[PDB]
There are 2 protein chains.
Amino acid sequence: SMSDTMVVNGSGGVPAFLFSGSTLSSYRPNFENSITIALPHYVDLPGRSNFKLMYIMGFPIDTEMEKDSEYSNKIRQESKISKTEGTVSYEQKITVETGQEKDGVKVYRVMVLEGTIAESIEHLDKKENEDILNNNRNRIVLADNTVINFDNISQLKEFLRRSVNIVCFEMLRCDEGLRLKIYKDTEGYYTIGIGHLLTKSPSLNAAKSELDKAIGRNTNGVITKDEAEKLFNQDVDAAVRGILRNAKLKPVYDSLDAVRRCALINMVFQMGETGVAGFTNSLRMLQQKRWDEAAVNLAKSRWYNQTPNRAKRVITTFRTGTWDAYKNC
Amino acid sequence: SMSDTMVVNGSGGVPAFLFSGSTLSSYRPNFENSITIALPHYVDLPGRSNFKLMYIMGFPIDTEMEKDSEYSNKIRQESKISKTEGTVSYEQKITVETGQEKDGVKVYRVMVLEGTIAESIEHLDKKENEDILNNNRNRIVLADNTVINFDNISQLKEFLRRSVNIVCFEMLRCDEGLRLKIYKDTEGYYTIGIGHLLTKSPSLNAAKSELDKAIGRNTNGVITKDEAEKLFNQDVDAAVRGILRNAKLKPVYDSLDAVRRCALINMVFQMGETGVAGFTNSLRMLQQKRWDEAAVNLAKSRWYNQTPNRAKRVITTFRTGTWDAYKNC
Ligand code: NA
Ligand code: NA
Ligand code: NA
Ligand code: NA
Ligand code: NA
Ligand code: NA
Ligand code: NA
Ligand code: NA
């Protein structure tokens, strides 16, 4: 007929932009002739059940079908973990995929294959990955082969950041408290959650307006426990973003392990970025991993003199890289 | 190891730009679920032996392997047709492919699937196809499943144009002669081949310089029969290019069949583009397919009066759309 399609190019699809962008993967299959990389090659991911991958042009495609097949996976179970408020334990590897599904067939491009949460965060922020992530369904395939389906890409990125930032949550809760209703801090300012300053305005309505903006709903000044975690995530993200823009803080931050990063973030929560940036000598000792020397030097500061109990806890965290000071808080 | 590749994107390959550009194909397979178009689907091309295609994202891939396989073709035989000077009969459909081969494995993207030569010419000139054609090996798979391998894309395009233009060759040979050595035309000007004017200069050296430039070698004023065909192809191509830029000639040309196009090209060879563009009424009659009226009107012209024998032959070609006037020339 006249409407028959005679010319095909790369437009559309089904899923969209399927072979665009990049994939991060420590695993790299070894098949064999170089000129046949664009031909499909199938492999079972080492160490995993029901995890067959089809490679095309070096990219992995994860297909699931209800129909039994030697070339696709069985339909995977959905995880019970909340896509809105849940986390994945921060040390587990994850697989991040983007694609489409319908009528018992699922076709997903693998974007991160058994990567860390932090690797996943950086990878999904790459500009070359915007088109594929923004135009397809995004999911995580967990280490146990269950799946978390996300409503949109931002929800997935927020879940990832929540999973890494939660590592600092109980530490800051210990030091700053956790409140689910607006209260006044020791300076008279409206605050909620884990030391989250809403406004310096004496207007309670203004504080509620700020809270509603941060949470994204009409809270009437009351939040859930998970929303305290949401504000905390926003605050940690802001702190880290500022640290990385500050030539006095980036090198030390880049050098620290997760637990010690929490201690640096704790200092920023307490005294602000500029204040922490003033600790030139102690920061240098931390960057050089001179833990005992750093701890000794931090204790000689006005910070330590003003709040010695919290400072002792933070300093022990820098000295040891453990949660010893926060056990049973 | 530290050099291990952890990030893969679309760069390189193996063959290069394999899923770029567009494919022209009257045939369109019917598989089945929309979201699985990026998964490989295999089909045997209807009406052909040893012609299995692998479809990915709507594009066909033609693979050949020495190793026996249910998923690739047997190695195809090379055609005896000359890649430099040969042709394919102008009514045969052809398959144009671009790709790579080595060590008994061949992987080719199908660019035109059983298309006409004219369709192939237009398709391979599309800007979106430049990258894939310029960076891979180009071949034609003929209707008999034998293959013509081209040294580069220009050689393939020239072969295609030669195959369509040869249709006019014996007609113009009949009317203008064929000479393999430089001679002087009736106006004293150096000429060769099928009425190919080299220069109006009285310098034989200048004529040889022009000839060497057109042919692309040191000819010393002597060409082969196939080189007369090369000059003819260049002249037909130039004539057609001019016709399509001329608002007075394009509509009639667009409307004519192959044989009648040769008659219009014959007129341009004889009297130049501007001269042919003067035949407003006769061109209009041709465009409207009023063959008898056009033939009657063309015979009333000064052209007919000056060269009635050639004009009678050209006019019969416009009247009938046959080679009747050129049989046994
Ligand atoms: Na790893
Ligand atoms: Na690593
Ligand atoms: Na990894
Ligand atoms: Na210091
Ligand atoms: Na056709
Ligand atoms: Na057609
Ligand atoms: Na066709
Ligand atoms: Na006329």
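Residues numbered from 1 in each chain as written, not as in the entry; some residues may be left out. Chains lettered and ligands numbered in written order. Heavy atoms only, no water. Residues with missing side-chain atoms left out of burial classes, pairs and counts.

- What the entry reports as its method is X-ray crystallography, with 1.74 Å given for the resolution.

## Here's the deal with the sheet that holds strand 10 (residues 179-184) of chain A
Residue and element names in this part refer to chain A.
Here is step 1: Within the open sheet, the 3 strands sit side by side as 10-11-12. Their pairing is antiparallel. Two strands bound the open sheet, and with one partner strand each, they are strand 10 and strand 12 (196-197).
Here is step 2: With 3 bridges joining them, strand 10 and strand 11 (residues 190-193) adopt antiparallel strand pairing. When the bridges of strand 11 are listed, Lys184 appears paired with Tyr190.
Here is step 3: Here helix 5 (residues 204-215) sits on the sheet and contacts strand 10 and strand 11; the angle it forms with strand 10, its principal contact strand, is near 145 degrees. (Pairing = 2+ DSSP bridges. Helix = DSSP H or I, 4+ residues; strand = E, 2+ residues; numbered from the N terminus. Contact = heavy atoms within 4.5 Å. Axes fitted to C-alpha atoms, helices over the stretch in contact; angles between N-to-C directions.)

## Details of the interface of chain B and chain A
Here is step 1: Contacts between chain B and chain A engage 43 residues on the former and 43 residues on the latter.
Here is step 2: Between chain B and chain A lies a buried interface of about 3,400 Å² when both sides are counted; carbon and sulfur atoms form 68% of it.
Here is step 3: When residues of chain B are sorted by the area they lose upon contact with chain A, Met6, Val14 and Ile35 of chain B head the list and together hold 20% of the total.
Here is step 4: Here chain B is connected to chain A by 0 salt bridges.
Here is step 5: Between the two partners, chain B and chain A, sit 6 residue pairs in polar contact.
Here is step 6: Of all elements in the fold, only strand 1 (7-8), strand 2 (23-25), strand 4 (52-56), strand 5 (59-65), strand 6 (94-102) and strand 7 (105-115) of chain B reach the threshold of two or more residues within the side of chain B that touches chain A. (Buried area = accessible area lost by both parts, 1.4 Å probe. Salt bridge = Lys/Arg side-chain N within 4 Å of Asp/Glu carboxyl O. Polar contact = N/O pair within 3.5 Å; in protein donor to acceptor, adjacent residues only side chain to side chain.)

## Some remarks on the nonpolar core
Here is step 1: Residues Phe232, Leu264, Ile265, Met267, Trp303, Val314 and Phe318 of chain A are the most contacted members of the largest nonpolar core, which totals 40 residues.
Here is step 2: At 7 residues, the largest contribution of residues to this core is made by helix 8 (residues 258-271) of chain A.
Here is step 3: What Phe232 of chain A contacts, discounting residues up to four positions off in sequence, is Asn165, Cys168, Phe169, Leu172, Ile194 and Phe269 of chain A.
Here is step 4: One finds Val236, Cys262, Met285 and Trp291 of chain B within the second-largest nonpolar core, a separate group that totals 39 residues. (Core = buried A, V, L, I, M, F, W, Y, C linked by side-chain atoms within 4.5 Å. Buried < 20%, exposed > 50% of the residue type's maximum accessible area, 1.4 Å probe, protein only.)

## Description of the packing of helix 5 (residues 204-215) of chain B against helix 6 (residues 225-245) of chain B
Two measures define how a pair of helices packs: the angle their axes make with one another and the distance between the axes.
Residues and elements named next belong to chain B.
Here is step 1: Between helix 5 and helix 6, the least distance of the axes is 10 Å, while the angle of their chain directions is 85 degrees. Of the possible angle classes, the one that applies to helix 5 and helix 6 is roughly perpendicular. Residues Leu211, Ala214 and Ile215 of helix 5 form the contact with helix 6, whose own contacting residues are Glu227, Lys230, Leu231 and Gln234.
Here is step 2: The residue inventory of the contact of helix 5 with helix 6, partitioned by class, reads 4 nonpolar, 1 polar and 2 charged. (Parallel < 35°, antiparallel > 145°, perpendicular 65-115°, else oblique. Nonpolar A, V, L, I, M, F, W, Y, C, P; charged D, E, K, R; others polar.)

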